[PDB]
Amino acid sequence: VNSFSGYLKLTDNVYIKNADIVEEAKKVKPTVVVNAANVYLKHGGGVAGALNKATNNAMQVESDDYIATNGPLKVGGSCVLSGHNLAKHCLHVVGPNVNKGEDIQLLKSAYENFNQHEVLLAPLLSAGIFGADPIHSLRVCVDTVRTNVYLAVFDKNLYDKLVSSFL
Ligand SMILES: O=C(O)CCc1nc2cc(Cl)ccc2s1
């Protein structure tokens with residue numbers, strides 16, 4: 001038994017809720033929150049800017065030190081950093097950005113990072129401003145992630161469509 005509330009169960013291991021990932025992290029304080037990162041860990045907008053804003057920019061300060069030491073992530077890759085005031089840990093995961101020409105086949109690689117963590121609060125990778133089809137992203141999530149994932153879908157209307165079209 002964990003602390004996630006009001007999620008609809010899609011599979012043995014995948015749960016979904018129409019909710020803002022920021023407000024959910026603040027309430028639950030999960031072990032792992034997933035950020036929809038880019039390879040530079042430049043958290044300007046979407047999940048990354050909203051998560052970063054909620055940390056008062058401490059996520060961006062930590063991230064800049066990480067990049068100065070290690071260089072950029074790979075598309076499909078990840079790193080574990082602090083969760084600040086939102087979670088124990090933040091798993092920064094880089095899904096492909098369709099609005100930049102990145103290979104959508106890298107979405108499966110991106111979701112494989114989640115398998116290193118027993119439980120996660122996450123957004124749909126490559127959905128929203130990343131320009132990929134969220135229905136596809138949910139299918140890849142269900143078919144790739146084997147650990148327990150709690151998906152926070154921000155768009156109400158999208159949430160209803162994801163549930164109603166789920167196979
Ligand atoms: O779930 C969706 O509706 C699409 C992917 C998401 N995009 C964002 C953007 C922000 Cl600022 C906050 C949470 C989310 S989750």
# chains A, B, ... in the order shown; residues from 1 in each chain; ligands from 1

$ residues_near_ligand --ligand "ligand 1" --cutoff "12 Å" --atoms "only C-alpha atoms and all ligand atoms" --output "ChimeraX atom specification"
/A:16-25,34-37,43-54,95,121-135,137-138,151-162

$ residues_around --residues "residue A:105" --least-positions-apart "6" --cutoff "10 Å" --atoms "only C-alpha atoms" --output "list in words"
residues 76, 95, 96 and 140 of chain A

$ residues_around --residues "residue A:85" --least-positions-apart "4" --cutoff "10 Å" --atoms "only C-alpha atoms" --output "VMD selection string"
chain A and resid 25 to 26 29 51 54 to 56 58 to 59 89

$ residues_around --residues "residue A:113" --least-positions-apart "4" --cutoff "8 Å" --atoms "only C-alpha atoms" --output "PDB file with N, CA and C atoms, in the first residue's frame"
ATOM      1  N   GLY A  77      17.754   9.055 -22.637  1.00  0.00           N
ATOM      2  CA  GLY A  77      18.464   8.820 -21.381  1.00  0.00           C
ATOM      3  C   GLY A  77      17.900   9.543 -20.191  1.00  0.00           C
ATOM      4  N   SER A  78      18.573   9.453 -19.066  1.00  0.00           N
ATOM      5  CA  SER A  78      18.072   9.987 -17.803  1.00  0.00           C
ATOM      6  C   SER A  78      19.213  10.247 -16.843  1.00  0.00           C
ATOM      7  N   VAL A  93      14.104  12.487 -17.339  1.00  0.00           N
ATOM      8  CA  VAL A  93      14.058  11.570 -18.483  1.00  0.00           C
ATOM      9  C   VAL A  93      13.852  12.372 -19.743  1.00  0.00           C
ATOM     10  N   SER A 109      12.993   3.610 -25.353  1.00  0.00           N
ATOM     11  CA  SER A 109      14.249   3.734 -24.566  1.00  0.00           C
ATOM     12  C   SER A 109      14.077   4.663 -23.362  1.00  0.00           C
TER      13      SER A 109
END

$ select_by_dssp --residues "chain A" --states "strand (DSSP E or B)" --output "number ranges by chain"
A: 8-9, 14-18, 32-36, 78-82, 89-93, 119-122, 148-153

$ select_by_dssp --residues "stretch 21-165 of chain A" --states "alpha helix (DSSP H)" --output "PyMOL selection string"
chain A and resi 21-28+46-54+58-70+106-112+134-144+156-165

$ closest_residue --among "A:167, A:100, A:74, A:83" --to "residue A:33" --atoms "only C-alpha atoms"
A:83

$ residues_around --residues "residue A:2" --least-positions-apart "4" --cutoff "10 Å" --atoms "only C-alpha atoms" --output "JSON, numbers by chain"
{"A": [28, 30, 119]}

$ closest_residue --among "A:80, A:14, A:91, A:107" --to "residue A:148" --atoms "only C-alpha atoms"
A:14

$ closest_residue --among "A:144, A:112, A:5, A:40" --to "residue A:71" --atoms "only C-alpha atoms"
A:40
